[PDB]
Amino acid sequence: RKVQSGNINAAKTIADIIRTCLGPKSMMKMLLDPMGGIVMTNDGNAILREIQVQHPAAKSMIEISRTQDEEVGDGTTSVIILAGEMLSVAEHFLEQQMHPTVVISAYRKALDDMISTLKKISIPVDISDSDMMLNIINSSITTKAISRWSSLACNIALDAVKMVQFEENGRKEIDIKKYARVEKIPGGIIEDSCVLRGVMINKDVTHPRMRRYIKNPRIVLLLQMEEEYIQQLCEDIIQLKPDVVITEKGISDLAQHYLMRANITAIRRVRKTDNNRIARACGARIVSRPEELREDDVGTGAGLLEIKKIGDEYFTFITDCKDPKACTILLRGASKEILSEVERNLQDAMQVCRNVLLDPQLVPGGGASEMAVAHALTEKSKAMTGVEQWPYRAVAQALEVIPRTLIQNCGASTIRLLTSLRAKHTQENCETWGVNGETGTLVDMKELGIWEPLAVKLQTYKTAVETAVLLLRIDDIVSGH
Amino acid sequence: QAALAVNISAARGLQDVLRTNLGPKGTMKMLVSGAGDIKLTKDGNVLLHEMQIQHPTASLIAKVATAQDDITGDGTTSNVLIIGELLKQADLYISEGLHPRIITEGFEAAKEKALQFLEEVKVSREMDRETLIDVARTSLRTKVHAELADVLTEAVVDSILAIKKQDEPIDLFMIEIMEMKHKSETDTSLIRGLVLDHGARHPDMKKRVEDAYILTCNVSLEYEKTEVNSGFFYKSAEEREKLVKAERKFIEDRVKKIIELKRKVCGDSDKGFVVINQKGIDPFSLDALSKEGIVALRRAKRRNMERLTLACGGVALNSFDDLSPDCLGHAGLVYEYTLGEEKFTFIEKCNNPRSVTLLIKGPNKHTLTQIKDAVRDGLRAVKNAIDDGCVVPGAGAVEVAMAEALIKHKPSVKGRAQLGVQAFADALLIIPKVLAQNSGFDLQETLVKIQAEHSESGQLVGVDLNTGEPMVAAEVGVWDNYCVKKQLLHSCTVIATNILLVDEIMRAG
Amino acid sequence: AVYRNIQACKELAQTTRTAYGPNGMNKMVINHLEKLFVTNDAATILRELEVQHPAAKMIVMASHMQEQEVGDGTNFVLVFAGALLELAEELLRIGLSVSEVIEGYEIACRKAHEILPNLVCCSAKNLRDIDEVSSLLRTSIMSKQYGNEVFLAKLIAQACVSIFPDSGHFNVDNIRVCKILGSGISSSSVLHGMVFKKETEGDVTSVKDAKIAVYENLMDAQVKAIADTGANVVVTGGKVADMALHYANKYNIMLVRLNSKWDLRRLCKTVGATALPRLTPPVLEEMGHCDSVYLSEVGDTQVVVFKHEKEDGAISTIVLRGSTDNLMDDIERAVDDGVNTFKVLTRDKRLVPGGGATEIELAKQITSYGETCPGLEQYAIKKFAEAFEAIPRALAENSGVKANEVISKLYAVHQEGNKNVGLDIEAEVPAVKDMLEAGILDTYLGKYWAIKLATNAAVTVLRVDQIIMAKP
Ligand SMILES: Nc1ncnc2c1ncn2[C@@H]1O[C@H](COP(=O)(O)OP(=O)(O)O)[C@@H](O)[C@H]1O
Ligand SMILES: Nc1ncnc2c1ncn2[C@@H]1O[C@H](COP(=O)(O)OP(=O)(O)O)[C@@H](O)[C@H]1O
Ligand SMILES: Nc1ncnc2c1ncn2[C@@H]1O[C@H](COP(=O)(O)OP(=O)(O)O)[C@@H](O)[C@H]1O
């Protein structure tokens, strides 16, 4: 049992760090760097990322959180707290002399009940209404510098995921890494930012003889004996008379001598993902090599070709008036610090739209979703025949820590309000009577915008319980390779 | 300055110790004697007078609460709390460079301003049964476990009301406090008469007498010395028995002298007789007097004989040869009470005793001593309520109103003494801060609501322990004595003046 | 200093958590007089175990109150109190105040006093039948002398039935204990009046004299002085001389030797004969009154029996046999535990099932009350119900069965409405059985005073937060 208890204190201490780093009143932390420096951040994602830990059970908590950051850019603070609080009940592991398998079956049984309980307090959303989506996304715009342009961030965040979603395939897959490439352009301000309705390539301009502005471009996707192939591979492209030569690999110096002779734009170092968006934008086709081109490899339907030097930096705009399962964001700012604020804050809002569009269902946040769940499992434990009911009730008492931290971070009497918070869920409906993060007192969530998506909490409790299962399944540490 | 920092932090630690036993909702402290005695109590006088403290500086504060308990009888816990906070706030200015002499001048001005503030908010309500119950509730609630409140409240109130007439001042010696074991704790009630430890023990005695003439005596009815010019001279054990026949003539003949007085004064039926002799009595004298309907008691206390003179009215006698009818008394129901093991005499329903008996009942020894002090601490709280016709609201309501008067007050003597008034303002507000913690609520949130309560009228606002909202102490029946707060602010300023003026600490042996 | 007092009280629970129940363990007690003893009675452990921690002394003083108005449930004071403070840490570590817990238990203490009468399954018929006593007494003897509950349940049943007709006079002082070195329990029996082990030292087998005295030619006149005063029964404390032994036999004076001082003082308060220190003085006032003084031979051992033939008779003495003095002491406590069981039943008779049946049934109701009762005191009322569950856990651990399977099965049968279900007393069977059919019934009045004391002791501890020394 010494190894069973070692994973408790290994995770209980990690949860203690980010216990007060939750909510809009999240407390800051002081991390002493080895060079005497101090970082005064408050995000639990970056705090534990730099802190080196000695126990292996605590190192798994970091690998689990990073995978959560890719799915949803928030809520990861509670992922470790619930997994740390679930394992903090040592009365049922060692003092009661129960097996770990006894408790794993109890948590897995409680997992299926928590999932159904969160869907009972769900609510549909009308994504067609941009005003109803503004109340949802504002949960991340508050307490930020982007609050001055909240309406602009709403238009940039909500409409961008609509371009990535392809609802004809049935699954309605949304991928931010491939179809939502966010790029920056110097010059301008946050107000000057807009969403490009097409593809933008970050290729700088090397030669002066290139088509600067064309309203109907044409895109083509792909000493003696040395210049033999170079002149021929370049002469097969001008048969279609293009305006921008988009190559996958790098172009040689002599092959560019014919690209500048033609006074056409020369683009290179383009991914395979990037060319498919172009082929779907202007209807072109990706050919293996330049020598086997056909008539279909043209840019009919393209918006315009512009490689203008905007903000002392060239940018190839090949946008169009279509949404070819892709999008491109144009972030404008006077400085890099301001650009770094809008670039990262929109990624927190852009991922919230991903959860709503895949499943338009919300949940009452601010401690309301936990009490709605913990109240359902407590009454169910009195009628659950089996020894698993005891650890089944510990989950009802352990999930109360999420609202406990929000009231404790505010400084109000957490013991007085949390006990009365149970009565609101006991008598009245569980979909209301939440907790105000800023004020600290109780308030209903229908009147406030603390509503979180459904996919954020589903991955939370699935990964919070799965983390405790993986840690309680351990009983010995093996050293060797 | 270092001579003060040792004394400053000495009181701060003493503040954190005694703050958890203020009010009813606070905790208690244990007294480990080392010999086998263990005691529990919240009264700060017992935590300082009988307790031994390690620091000599804190030992001087113990003698303050000792004299404070002798004057008012309550409030010694908050006396040390204000003292610990006065030096806490004084240290904030001493770090800046202020001499302690100017700070004492600020307390002298605020002490006289706050004493004038009591004259405005004090309430001179008429003293009656309903109002004193509200006062006795305040003194006894903090000395019990939240169950003996209504039980002991009616006792202390009716006890003092029985011994107060013709505008006579109050005296604590007019109440005989007795204790009884082998019973529960909630059986504490009032006894109109006087309870005697030892009583008559013979089968031929009456179980109860509706009316009996009590004869007071001090005569020895056991084997005594020879009363004539003779002595005890014998040669064997049988010859010694002949001297018993001679010496007992001084004891046996005095038993019949009581019988002659019985047939003389009301010797008919429907009457009785009770002898309350302080000395011991022989069984032959018990059997001789038991058959005659005469109840003979022995082994009484010196003070019980003094109260017995008042109960019946018979004057104390010293010899039965000087017996007369003038020294005969009269009382109502005279019987014997039965406990699990022992039995006691009861002479209730007296004519004009002018002396009541508060009979305490409890099962344990250490719990009986807790109620022993609560009686003396409860009787004295209402004692000052009637002797001092004016009272003040409780619930810490005087402290929050006092902070409004002193902040809105400028010294007309000098400027730099104004900061001493600022320290005396935050020092008085520690009581609503202490009780907010003993109640389990937030310390500062309770202070905001009671301080934020304002209106265009005379508004008395206090602390609610059950909910934590502003409580009008006059509406709920929460009151104190006028001499308590007057002695509080008059005492706490003198001690803070004596300690802060200590410049150096020399080891004098 | 609250966490240190709680942890100190848990140290005392483990010294009596395992000695509780029929499958309970014994404890290797070593007397202060350099003597070895082995027993499982919790009252005897604390008498020798000097509890010096003041925090736990309140629990011991609560057990002293368990002597008055009841003679059972001492382990309830030690186990139920330890479980309340053990779970009290779970509330304080959350942030709850100590005062809200004190007022929370006083609410649950009253709530349990209202639910307990509803669980009274049966009551004593008070028919003064031997089968009535022995059938109901099967619960109190076990866990004190286990395995020998058959003979003991019938012996004491014969002593109590003799006293119930004398209504208002039944007490533990009427049923005394007298044990003799012998084979075992098979030779134990019950007799009336006062019975001692030392046989008649003299030659008198029977004498109907009234006066009893308690304490070469000269000594022959002094023994005649006992006869001149009208007394033919002499009781010497210490050894008796050889010449004084025969002088009593000449005038037919019954000689009796009582070495143990408990045998001497027992006669002072029954017949009235008090022990005089001088060498047989002629004092008639200090002599006693007895109807018949005769010698009886029961169990192959002569015993002096003081039968009050003329009086109604209310003095009972159980004659015990056993080869081991240590083992007979364990029977001495079970006899006093059974006599005190029915001493409470002289009042209004109410019987509840034992074996953790009421402790889950009482917790199932208070827990449902705590869920519907809002306020800041519900956290303390909940743990007051979960604190009752530790008493089943005490029996499950001593029975060698996993306590987790016990609480689940006790909750499942009561969930379906099957009341009167307790623990199955068997190591190979983690199931349960009906307590009514098995004959396991505790005393209602004992639990009313036991839950009252265990809550007041736990509140008395939680009210204290610091220990400070002093000097008068
Ligand atoms: N305005 C608010 N009022 C009350 N609670 C809030 C509010 N905003 C966020 N919270 C709570 O703070 C928790 C953490 O939110 P967030 O910061 O988005 O995730 P993380 O802390 O993991 O970065 C959520 O579970 C939510 O219930
Ligand atoms: N339940 C309560 N709520 C608010 N204030 C109280 C309460 N009980 C007592 N007090 C206040 O605490 C002060 C001290 O009361 P008491 O305990 O009688 O004296 P001490 O604390 O010196 O023993 C009183 O002035 C009274 O106003
Ligand atoms: N046969 C039994 N089955 C289950 N529990 C028992 C049995 N006998 C005694 N007990 C329990 O053990 C605890 C101690 O019993 P007992 O010896 O009668 O009282 P005490 O230990 O106070 O003298 C009691 O609470 C009782 O319920």
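Computed from the coordinates by the stated procedures, all read-outs in this text should not be read as laboratory data. In this analysis, Cβ positions are derived from the backbone assuming ideal geometry, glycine residues included, and neighbour counts consider all displayed protein chains.
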*Which number comes out as Rg/Rh for the stretch B:366-448 once both Rg and the Kirkwood Rh are worked out on C-alpha atoms?*
1.12
*Evaluate peptide A:373-385: per residue, the Cβ atoms of other protein chains within 10 Å of its Cβ; return the mean as an integer.*
2
*Which three semi-axes in whole Å describe the equivalent ellipsoid of the stretch C:103-200, each the square root of 5 times a Cα gyration tensor eigenvalue, listed largest first?*
34, 17, 15
*Could you give log10 I(q)/I(0) at q = 0.11, 0.28 Å⁻¹ for the stretch C:194-259, computed by the Debye formula over C-alpha point scatterers of equal weight, without solvent?*
-0.22, -1.46
_Could you derive backbone 3J(HN,Hα) for the stretch A:139-152 from the dihedral phi with the Karplus parameters 6.51, -1.76 and 1.60 (θ = phi - 60°), listing whole Hz in sequence and x where the residue is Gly or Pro?_
4, 9, 6, 5, 6, 9, 6, 7, 4, 5, 10, 4, 4, 6
*What does the average come to when, for each residue of peptide B:21-34, you count the partner chain Cβ atoms lying within 10 Å of its Cβ?*
5
_Cα gyration tensor, chain C - rounded (a/c under 1.5), prolate or oblate_ = prolate
*asked:* Order B:32-40, A:398-406 from most to least packed using the mean count of other Cβ atoms within 10 Å.
replied: A:398-406, B:32-40
*Under a 5 Å amide H to amide H cut-off, with H placed in plane at 1.01 Å, what residues pair with B:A296 once short-range neighbours are removed?*
B:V275
*Using the 2.2 N^0.38 Å rule of thumb for compact globular proteins, work out how the stretch B:193-353 stacks up: its C-alpha Rg over that value, please.*
1.09
*asked:* For chain B, what does the helix formula give at 222 nm: sum of -39500 (n - 2.57) over DSSP H segments with n ≥ 4, over the residue count, nearest 500 deg cm²/dmol?
replied: -15000 deg cm²/dmol
*Roughly how many whole Å is it from the C-alpha centroid of the stretch C:144-222 to that of the stretch A:398-446?*
71
*How large are Rg and Dmax for chain B when only the alpha carbon atoms are used, in Å?*
29.8, 99
*Euclidean distance of C-alpha centroids, the stretch B:116-156 and the stretch C:1-17, integer Å*: 39
*Residue by residue through the stretch A:323-332, which ³J(HN,Hα) values in whole Hz follow from phi under the Karplus form 6.51 cos²θ - 1.76 cosθ + 1.60 (θ = phi - 60°), with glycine and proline marked x?*
10, x, 6, 7, 7, 8, 8, 10, 8, 10
*Please identify the trypsin sites (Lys or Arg not before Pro) of the stretch B:471-509 that satisfy two criteria: DSSP loop assignment and at most 13 other Cβ atoms within 10 Å. Which are they?*
B:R507
*Would you mind giving the average projected area, over all directions, of the Cα convex hull of the stretch B:377-509 in nm² with one decimal?*
12.4
*Between the stretch C:363-409 and the stretch B:322-365, what is the C-alpha centre distance in whole Å?*
51
*Value of [θ]222 nm, deg cm²/dmol, for chain A, DSSP H segments ≥ 4, -39500 (n - 2.57) each, nearest 500*: -14500 deg cm²/dmol
*What are the ³J(HN,Hα) values, in whole Hz, obtained from phi via the Karplus relation 6.51 cos²θ - 1.76 cosθ + 1.60 with θ = phi - 60°, for each residue of the stretch A:73-82 in sequence order, with x given for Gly and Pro?*
x, 8, x, 5, 4, 6, 4, 7, 5, 5
*Got a sec? Charge dipole of the protein assembly as shown, +1 on Cβ for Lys and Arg, -1 for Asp and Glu; which of C:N326, C:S408, A:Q361 is way out at the positive end?*
C:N326
*Per DSSP H run of n ≥ 4, the term is -39500 (n - 2.57); total these for chain C, divide by its residue number, and report the mean residue ellipticity at 222 nm rounded to 500 deg cm²/dmol.*
-14500 deg cm²/dmol
*Could you pull out the GluC sites (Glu not before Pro) across the stretch C:267-350 that fall in loop regions by DSSP (anything but H, G, I, E, B) with no more than 10 other Cβ atoms inside 10 Å?*
C:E285
_What does the charge count around A:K424 come to, taking other residues whose C-beta lies under 15 Å from its C-beta (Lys +1, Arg +1, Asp -1, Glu -1)?_
-4
*asked:* Please report the antiparallel percentage of DSSP beta bridges with both residues in the protein assembly as shown, rounded to the nearest 5.
replied: 60
*asked:* Need one number: % antiparallel among DSSP beta bridges in the stretch C:193-313, to the nearest 5.
replied: 50
*Pull up all non-local amide H partners of C:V303: gap of 5 or more, or a different chain, and H-to-H distance under 5 Å with H placed in the peptide plane.*
C:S296, C:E297, C:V298
*Report, ordered by chain and residue number, the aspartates and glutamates lying within cross-link reach of B:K183, taken as a straight Cα distance under 15 Å and ignoring same-chain residues fewer than 8 apart.*
B:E341, B:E342, C:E67, C:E69
*Quantify how much of the Cα-Cα distance distribution of the stretch C:193-313 extends past 18 Å, in percent.*
46
*asked:* Which of rounded, prolate or oblate describes the stretch A:1-156 when judged by the alpha-carbon gyration tensor and an a/c cut-off of 1.5?
replied: oblate
*What residues have an amide H closer than 5 Å to that of C:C122, excluding those fewer than 5 places away on the same chain, when H is modeled at 1.01 Å from N in the peptide plane?*
C:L351
*asked:* With N set to the number of residues, divide the alpha-carbon radius of gyration of the protein assembly as shown by 2.2 N^0.38 Å and report two decimals.
replied: 1.31
*Looking at chain A, send over the antiparallel percent of its DSSP beta bridges, to the nearest 5.*
55
_Neighbouring partner chain Cβ atoms per residue of C:412-418, average, 10 Å criterion_ = 2
*Give the peptides A:278-286, A:189-197, C:335-343 in descending order of average Cβ contacts within 10 Å, highest first.*
C:335-343, A:278-286, A:189-197
*Using only Cα positions of chain A, each an equal point scatterer, no hydration layer, compute I(q)/I(0) via Debye at q = 0.06, 0.08, 0.10, 0.14 Å⁻¹ and quote the log10 values to two decimals.*
-0.38, -0.63, -0.86, -1.28
*asked:* Cβ neighbours within 10 Å, averaged per peptide: list B:275-284, A:50-59 in order, most packed at the top.
replied: B:275-284, A:50-59
_Using square roots of five times the C-alpha gyration tensor eigenvalues, list the equivalent-ellipsoid semi-axes of the stretch A:305-389 in whole Å, biggest first._
50, 17, 9
*Among the listed pairs A:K424/A:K457; A:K462/C:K382; A:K272/A:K325; B:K207/B:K349, give every one whose C-alpha distance is greater than 25 Å.*
A:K462/C:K382
